[PDB]
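Heads up: the sequence lines are chains A and B, in that order. For what it's worth, the numbering used here labels the leading residue of the first sequence as 1328, then goes sequentially. For what it's worth, the numbering used here labels the leading residue of the second sequence as 118, then goes sequentially. A virtual CB, placed ideally from N, CA and C, is assigned to each residue, including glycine. Only one structure is covered here, and it is reproduced in the block below.
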Amino acid sequence: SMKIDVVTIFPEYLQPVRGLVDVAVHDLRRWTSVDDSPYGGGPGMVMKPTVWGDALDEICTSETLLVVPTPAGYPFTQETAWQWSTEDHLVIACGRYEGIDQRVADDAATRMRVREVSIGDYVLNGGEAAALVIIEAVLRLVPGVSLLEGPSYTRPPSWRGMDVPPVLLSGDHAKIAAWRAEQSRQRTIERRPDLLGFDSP
Amino acid sequence: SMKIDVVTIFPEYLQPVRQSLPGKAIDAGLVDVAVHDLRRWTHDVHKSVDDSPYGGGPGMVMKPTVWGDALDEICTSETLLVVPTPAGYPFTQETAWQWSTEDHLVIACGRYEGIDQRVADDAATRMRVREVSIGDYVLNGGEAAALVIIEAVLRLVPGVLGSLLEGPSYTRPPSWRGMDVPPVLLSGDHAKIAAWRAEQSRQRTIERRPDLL
Ligand SMILES: N#Cc1c(N)n[nH]c1-c1ccc2c(Cl)cn(Cc3cccnc3)c2c1
Ligand SMILES: N#Cc1c(N)n[nH]c1-c1ccc2c(Cl)cn(Cc3cccnc3)c2c1
């Protein structure tokens, strides 16, 4: 059983989320201008801590795992997803602009567990798409719901003059298992050599 | 000026992308994102998109004949075909920069155990195909990855959407719940501020992403 609360100034972006789990989306502006120029200078705007503090006060408890997407976060991995899959309560704080005043996470950490995470090494305009990814990766692991996958095939056995690998039609479990291992190994070496402890291209 | 076509059995999942697009960019003809229901290209009254995996195993595999027809209609020789997959090459910021100058992206979103490999292999004989993963976690299908790719790519297209880690940011008020903004930021010593931010970045990268060093 899990409850997920998502806080965002763009609640409409979280629509694609639509009994063991409830997901609720909250408009941050309900607790109010949410942004201002950064202290110390720099381009863009920073979300003010005041509005966030009030929102999180209401939504979070000491048992909450507060998730804060950020391009500067610890990596969110499958291990993270497994870890979070047994939590009772995730709150995902989605910001925009140049980010959220750091004191929001710092203040929250005095009261609950806080995880600043990034879903990958690319830049988004805000946390919402990251929230969608995190929710999907976590929810599919909730109780009651290494190497790269090799290629998959289905009918027909010949299509546009391209044949399904004959071993897959042979019914030889051992040969099929071995061919699939080899395919995964070749794929991992080519595409993700880091997973096998080699240099990245 | 970019056209993105997304093909999916859950077109409603992609609706927020068309929400995030500013009218000015669309009206200036800088961007067009169209979403297509894969079932438009099914052959049978049951609108089947999947079938059992050759060689056995759990789950199902998306049918090559359905995808083949969809991509035949939507793609041209100039298309960059993007296929999200947990077995893909990593999608990075460098990838996003590269793709941001493309005329036509087609994103093929699958489900279940994947799309019959012959779809991408056949497509690759007449267009550029890119199998990519957005990170080291497992999703149920390509749709959430497509959302991420679209956003990361389009924000690099001039006026469409509107290394070390970045350190912390602060704004008003100067004191909040017992926490003061670091005084250096209010010092007016901008060389010192830059050095402070550099050191914050270094420390954060060591703590959170040692792999980057
Ligand atoms: N998780 C993740 C993640 C990812 N993997 N990329 N971008 C994001 C993400 C997460 C949270 C925010 C917030 Cl709050 C504002 N922005 C825009 C921004 C901020 C600083 C520098 N550049 C862009 C966010 C980007
Ligand atoms: N991009 C990315 C990405 C990512 N970073 N995680 N998962 C995905 C993703 C992309 C595409 C598909 C398709 Cl098609 C089916 N599935 C579910 C699946 C397949 C094989 C093994 N397990 C789950 C997909 C998962």
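Secondary structure, beta strand (DSSP E): runs of 3+ residues fully inside the region 134-165 of chain B: DSSP runs (the beta strand (DSSP E)) wholly in the region 134-165 of chain B: 148-154.
Test: B:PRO285 CB closer than 9 Å to a CB of chain A: Taking the first residue of the second sequence as 1, we reach residue 285 of chain B at position 168. Yes, B:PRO285 counts as interfacial toward chain A.
Nearest-angstrom Cα separation, counted from A:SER1527 out to B:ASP238: Stepping through the second sequence from its first residue, residue 238 of chain B is reached at position 121. Stepping through the first sequence from its first residue, residue 1527 of chain A is reached at position 200. Looking at the backbone, the Cα of B:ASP238 and that of A:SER1527 are separated by about 24 Å.
Whole-angstrom distance between A:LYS1502 and A:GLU1414, CA atom to CA atom: Against the first sequence, residue 1414 of chain A aligns to sequence position 87. Against the first sequence, residue 1502 of chain A aligns to sequence position 175. For the pair A:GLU1414 and A:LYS1502, the Cα-to-Cα distance works out to about 41 Å.
Ranges of the beta strand (DSSP E) found wholly within the region 185-229 of chain B, counting only runs of at least 3: The beta strand (DSSP E) runs lying completely inside the region 185-229 of chain B and spanning 3 residues or more are 197-207, 221-225, given in chain order.
Cβ neighbours of residue 1533 of chain A in the same chain (closer than 7 Å, five flanking residues each side left out): What the structure shows of chain A is the stretch from 1328 to 1528, and residue 1533 of chain A is not part of that stretch, so it cannot be assessed.
Three-state secondary structure assigned by DSSP to A:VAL1472: Counting from 1 along the first sequence, the entry for residue 1472 of chain A is found at position 145. Three-state DSSP puts A:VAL1472 in coil, outside helix and strand.
Residues within the region 198-217 of chain B neighbouring chain A, beta-carbon criterion of under 8 Å: Taking 8 Å as the Cβ-Cβ cut-off against chain A, the residues of the region 198-217 of chain B that qualify are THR202, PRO203, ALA204, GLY205, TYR206, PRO207, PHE208, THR209, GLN210, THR212, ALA213.
Beta-carbon proximity check, B:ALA151 vs B:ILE126, cutoff 9 Å: For this step, residue 151 of chain B is matched to residue 34 along the second sequence. For this step, residue 126 of chain B is matched to residue 9 along the second sequence. Not a contact, by the Cβ cut-off of 9 Å.
Buried versus exposed call for B:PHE208 [16 or more other C-beta atoms within 10 Å across all chains shown]: Against the second sequence, residue 208 of chain B aligns to sequence position 91. Buried, by the Cβ-count rule.
Secondary structure of A:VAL1378, DSSP reduced to three states: Start at 1 with the first residue of the first sequence, and residue 1378 of chain A comes out as number 51. It is helical.
Span separating the alpha-carbon of B:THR212 from that of B:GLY252: One-based indexing of the second sequence puts residue 212 of chain B at position 95. One-based indexing of the second sequence puts residue 252 of chain B at position 135. If I take the Cα positions, the gap works out to 13 Å.
Secondary structure of A:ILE1446, DSSP reduced to three states: Against the first sequence, residue 1446 of chain A aligns to sequence position 119. A:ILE1446 falls in the coil class under three-state DSSP.
Check whether A:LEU1392 and A:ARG1440 have beta carbons under 9 Å apart: Along the first sequence, one-based indexing puts residue 1392 of chain A at 65. Along the first sequence, one-based indexing puts residue 1440 of chain A at 113. The answer is yes: Cβ separation under 9 Å.
Residue from B:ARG228, B:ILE224, B:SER194, B:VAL162 whose Cα sits closest to the Cα of B:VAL270: Within the second sequence, numbered from 1, the residue matching residue 270 of chain B stands at position 153. Nearest option by C-alpha distance: B:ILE224.
Cβ distance (whole Å) where A:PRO1338 is taken to contact B:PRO133 below 8 Å: Position 11 of the first sequence, counted from the first residue, corresponds to residue 1338 of chain A. Position 16 of the second sequence, counted from the first residue, corresponds to residue 133 of chain B. Actually they are not in contact, since the Cβ atoms of A:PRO1338 and B:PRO133 sit about 10 Å apart, beyond 8 Å.
7 Å Cβ shell around A:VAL1469 - same chain, five flanking residues per side excluded: Numbered from 1 along the first sequence, position 142 holds the residue referred to as residue 1469 of chain A. Only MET1329, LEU1347, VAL1348, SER1412 meet the Cβ criterion.
Inter-residue spacing [alpha-carbon to alpha-carbon] between B:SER250 and B:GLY295: If you number the second sequence from 1, residue 250 of chain B lands on position 133. If you number the second sequence from 1, residue 295 of chain B lands on position 178. Using only the alpha carbons, I get a separation of about 42 Å.
Distance between beta carbons of A:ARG1518 and B:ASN257, contact taken as under 8 Å: As a position in the second sequence, residue 257 of chain B is number 140, starting the count at 1. As a position in the first sequence, residue 1518 of chain A is number 191, starting the count at 1. Taking 8 Å as the upper bound for CB-CB distance, B:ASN257 and A:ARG1518 are not in contact here, some 21 Å apart.
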